[PDB]
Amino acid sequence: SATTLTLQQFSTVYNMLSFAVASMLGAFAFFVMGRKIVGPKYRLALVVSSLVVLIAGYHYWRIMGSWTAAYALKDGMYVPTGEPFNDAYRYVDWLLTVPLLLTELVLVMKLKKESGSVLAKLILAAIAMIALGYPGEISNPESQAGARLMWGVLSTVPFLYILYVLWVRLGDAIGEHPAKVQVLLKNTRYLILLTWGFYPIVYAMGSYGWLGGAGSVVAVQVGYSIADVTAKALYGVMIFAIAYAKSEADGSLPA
């Protein structure tokens, strides 16, 4: 089965899940309302921003239900119920939202005829990343260690491709914009860099650790919440700030 949890551990994970739910839905309303403030050519990017956090809001709402249904209160403790709580529900979120995360960045940036081509490759790359990752995630890290490693390696190839394209296609376009736009674009890269590495690490953790003890279960689940809120809601605020800065630069800010 799984691990027994204290009220403190169960509450901590439940609260970080409720933190995630509130952050995604609140950011949704913010991005919906923020459309009126930026230039008209950057409003489609904010719509996609709202879409990302809306979907992750729905998915975290289900995860929160899944978490409370996998444990039951007995003798001042939370003991498993047999109902499964898995990380593979997250992939259903990622498969849709990660291609959308790339889309909103490209839409807020300048289109250079090939912008469609650059986006299409990244979307296809992100899809294959999650798609190849899924067989490895549902594989038993012990009884199926060969399959887990193979899919992880195959999944990492389009992953580094996305990271490479973002580094090379952003710096060549960072150095063409005002100082405020550069800082916003620069930090957005760091934001992607710091946060997106969490998911493969936890995948590699299950292969070489994690599940060992309740604290590991809490930490990983707390980590997913922090990573998702920053990679989706905070990331969407950066897209909004880039839209306002670029709208302020080309003179399209509503007056």
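Numbers follow the displayed sequence, beginning with 1.
When the two stretches 5-13 and 230-238 are set side by side, the higher mean Cα temperature factor goes to 5-13. The stretch 220-228 shows the higher mean C-alpha B-factor when 220-228 is compared against 25-33 in the entry. By the numbers in the PDB entry, the CA B factor is greatest at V168 among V98, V106, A131, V168.
Among the modelled residues of its chain, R62 has a C-alpha B-factor that falls in the lowest third according to the deposited record. In this PDB entry, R90 carries a Cα temperature factor that places it within the lowest third of its chain's modelled residues. Among the modelled residues of its chain, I55 has a C-alpha B-factor that falls in the lowest third according to the deposited record. Compared with the other modelled residues of the chain, the Cα B-factor recorded for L102 ranks in the lowest third. The PDB entry assigns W196 a C-alpha temperature factor belonging to the middle third of its chain's modelled residues.
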